[PDB]
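One chain comes next, on its own, written out as structure tokens in the form deposited in one PDB entry.
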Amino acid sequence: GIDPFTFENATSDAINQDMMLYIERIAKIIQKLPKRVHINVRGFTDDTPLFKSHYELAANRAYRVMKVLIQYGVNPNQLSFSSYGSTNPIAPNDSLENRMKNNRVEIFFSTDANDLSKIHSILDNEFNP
């Protein structure tokens, strides 16, 4: 299914060419969804020491991804972004591997139950050969 947008280094909001292409793919998918469906782009970090806060770094990540989605044709009306800083990690900040996991941006869908079926179907088909 949809993987989060991972960031290569703990302290950067830079998006490499591979994630740029993956954001483009998701943008195109988003434009197939019902118009009443909105997308919240959520930014997170690990607890790597530092940007004057992890909220700032997360916000930049999320904002940048949102900007890329709009560049590739997602309607701004459907979009928002949010920063979660170093909170709500995918995994404890134990290892290199777990920390790297936590530096990411995730897509949340806002949908009624009818459109939820339609998103589900589109995503199930998009990511299953």
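Basically, rigid core = biggest C-alpha set you can superpose within 1.5 Å across the two forms. Residues that one form lacks are left out of the comparison. Residue numbers here begin at 1 and follow the sequence given.
Where coordinates are absent for parts of the deposited sequence, a chain break appears; between neighbours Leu50 and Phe51 it spans 4 to 9 residues. Note on 118-126 vs 3-11: mean CA B-factor is higher in 3-11. Stretches compared: 13-21, 101-109. Higher mean C-alpha B-factor in the entry: 13-21. You'll see in the entry that, of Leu96, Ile26, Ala62, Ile70, the Cα B factor peaks at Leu96. Listed residues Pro76, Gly43, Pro92, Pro34 were ranked by CA B-factor as deposited; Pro92 comes out on top.
One more form of this protein, deposited in another entry, exists but is not displayed; see below.
The pair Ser80 and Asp112 is at least 3 angstroms closer at the CA level in the other form than in the present model.
The pair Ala58 and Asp112 approaches in the other form: their C-alpha atoms are at least 3 Å nearer to each other than in the form depicted. Superposition on the rigid core leaves 7-22, 112-129 as the runs of at least three consecutive shared residues whose Cα positions differ by 2 Å or more between the shown form and the other one.
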